[PDB]
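**Student:** Below you will find the structure I want to go over with you.
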């Protein structure tokens, strides 16, 4: 409907796949080459389904900060025959607050879904399903089951992936440029 939704759509149309693990269907953001991200609670194994095709996982790393605290991001390298558009230049370099964000989801259940979530706070610490978690972004939208892995964008920046909610607020794990230096 406007430039926020335009940037979000551009990312969804080229840089997402539908990932399925034993823990469900997730929006999955491809970042560059065969490297993608998914919430750590997806429990990625040796094999994953990508757009309903059996795909070997070449590597999977559950990120933690240097205090050895969960970040809820898993970086996956996929045995896929095709590279993602490189979107690393849209990643923030530092932790920050944002205005006017969009959460975008694409699953079998929720295709072509875009939510204007508004102002995003650098919330920091969250007890997420019992797990101490750092680098959390918060937005005042009542997000629901099926949105995990959803991409959080502003115009010109890809800032996080949706990892949970409390019924009133939604929470995303930060994406930082430093996670994807090769």
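**Student:** Along Cα→Cβ, 7 Å out, is where each label goes; now give me the distance between the ones at residue 59 and residue 1 in nm to one decimal.
**Tutor:** Output for this residue pair reads 4.2 nm.
**Student:** Something else now. Order 153-161, 10-18, 86-94 from most to least packed using the mean count of other Cβ atoms within 10 Å.
**Tutor:** For the peptides 153-161, 10-18, 86-94, the packing ranking is 153-161, 10-18, 86-94.
**Student:** A further question follows. Over 14 Å, how big is the tail of the calculated P(r) for segment 104-177, in percent of all Cα pairs?
**Tutor:** It works out to 58 percent of all Cα pairs.
**Student:** Please report, in Å, the Rg and the Dmax of segment 16-84, where both are computed over Cα atoms only.
**Tutor:** 11.6, 37
**Student:** Would you work out the relative contact order for the chain, in percent, from Cα pairs under 8 angstrom that are 6 or more residues apart?
**Tutor:** Normalised by residue count, the contact order of the chain is 22 percent.
**Student:** I've got another one for you. Express the Stokes-Einstein translational diffusion coefficient of segment 1-160 in µm² s⁻¹, to the nearest whole number, given a Kirkwood radius over alpha-carbon pairs, 37 °C and a viscosity of 0.692 mPa s.
**Tutor:** 204
**Student:** Just rank 104, 178, fewest to most, by other beta-carbon atoms within 10 angstrom.
**Tutor:** Starting with the residue having the fewest Cβ neighbours, the order is 178, 104.
**Student:** Hey, what number do you get for the chain at 222 nm if only DSSP H runs of n ≥ 4 count, each worth -39500 (n - 2.57), divided across all residues, to the nearest 500?
**Tutor:** Theoretical 222 nm ellipticity from helices: -2500 deg cm²/dmol.
**Student:** Which of the peptides 73-84, 53-64, 38-49 is most tightly packed, and how do the rest follow, going by the mean number of other Cβ atoms within 10 Å of each residue?
**Tutor:** 38-49, 73-84, 53-64
Neighbour counts are summed over all protein chains in view; Cβ atoms, including those assigned to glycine, are modelled from backbone coordinates with ideal geometry. Every number in this text was worked out from the coordinates using simple rules, so none of it is lab data.
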